[PDB]
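As a plain string of letters, each chain reads:
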Amino acid sequence: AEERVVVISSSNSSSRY
Amino acid sequence: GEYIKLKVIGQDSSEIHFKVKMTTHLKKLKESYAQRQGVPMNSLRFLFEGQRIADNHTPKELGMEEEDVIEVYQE
């Protein structure tokens, strides 16, 4: 297997729906 | 710098590493890991030094450091 590193990301007026 | 890298070890000894902040809620790691394994998050339990990792646990709360291990077992 190759190395696997996942970055967990951080925790509107453009909306149309 | 501020991301630490945690090693998540599966029942099959496979590894996926995750970069998280000290303040990250580990629910997000659990969800990503389950997604990549193809199983429901609630079918797994995630342990740090044998203790269950809660959705709202953070690495800071658990005293985690760079290259600490998380083990994943079936719930």
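Before reading on, note that the structure itself is shown above.
An account of the accompanying structure is given in this report.

Here is what the cut-offs are and how they apply
- Residues numbered from 1 in each chain as written, not as in the entry; some residues may be left out.
- Chains lettered and ligands numbered in written order.
- Heavy atoms only, no water.
- Helix = DSSP H or I, 4+ residues; strand = E, 2+ residues; numbered from the N terminus.
- Rg over C-alpha atoms; globule rule 2.2 N^0.38 Å.
- Buried < 20%, exposed > 50% of the residue type's maximum accessible area, 1.4 Å probe, protein only.
- Contact = heavy atoms within 4.5 Å.
- Areas by Shrake-Rupley, 256 points an atom, 1.4 Å probe, with all protein chains shown as cover.
- Salt bridge = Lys/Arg side-chain N within 4 Å of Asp/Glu carboxyl O.
- Pairing = 2+ DSSP bridges.
- Axes fitted to C-alpha atoms, helices over the stretch in contact; angles between N-to-C directions.

1. Examining the overall build of chain B
- Along chain B, the regular secondary structure elements total two helices and five strands.
- Moving toward the C terminus, one meets the helices and strands of chain B in the order β-β-α-β-β-α-β.
- Taken over C-alpha atoms, the radius of gyration comes to 11 Å for chain B, in line with the 11 Å a tight globule of 75 residues would show.
- Dimensions along the principal axes, computed over C-alpha positions, put chain B at roughly 30 × 20 × 20 Å.
- Counting only residues that meet the buried cut, chain B has 39% of its 75 residues in that class.
- Considering only residue pairs separated by 6 or more positions, chain B has 54% of its internal contacts joining residues 24 or more positions apart.
- Per element, the accessible surface of chain B, about 4,500 Å² overall, is 42% carbon and sulfur.

2. A few points about the pattern of salt bridges
- A full pass over the atoms with the stated rule returns five salt bridges over all chains.
- Among the ionic pairs, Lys5(B) bridges to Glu3(A), the shortest N-O distance being 3.3 Å. Of this pair, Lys5(B) sits in strand 1 (residues 4-9) while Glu3(A) sits in the segment before strand 1 (5-7), each in a different chain.
- Taking relative accessible area as the criterion, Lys5(B) reaches 16% and is therefore assigned buried.

3. Some points on the sheet that holds strand 2 (residues 15-20) of chain B
- With mixed pairing, the six strands of this open sheet are ordered in space as 1(A)-2(B)-1(B)-5(B)-3(B)-4(B). Each of the sheet's edge strands pairs with one partner strand only, and the pair in question is strand 1 of chain A together with strand 4 (51-52) of chain B.
- Across three bridges, strand 1 of chain A lies against strand 2 of chain B in parallel orientation. Bridged to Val6(A) within strand 2 of chain B is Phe18(B).
- The strands that helix 1 (residues 27-37) of chain B touches are strand 1 of chain A together with strand 1, strand 2, strand 3 (44-48) and strand 5 (69-74) of chain B; relative to strand 2 of chain B, the one it contacts most, it runs at about 150 degrees.

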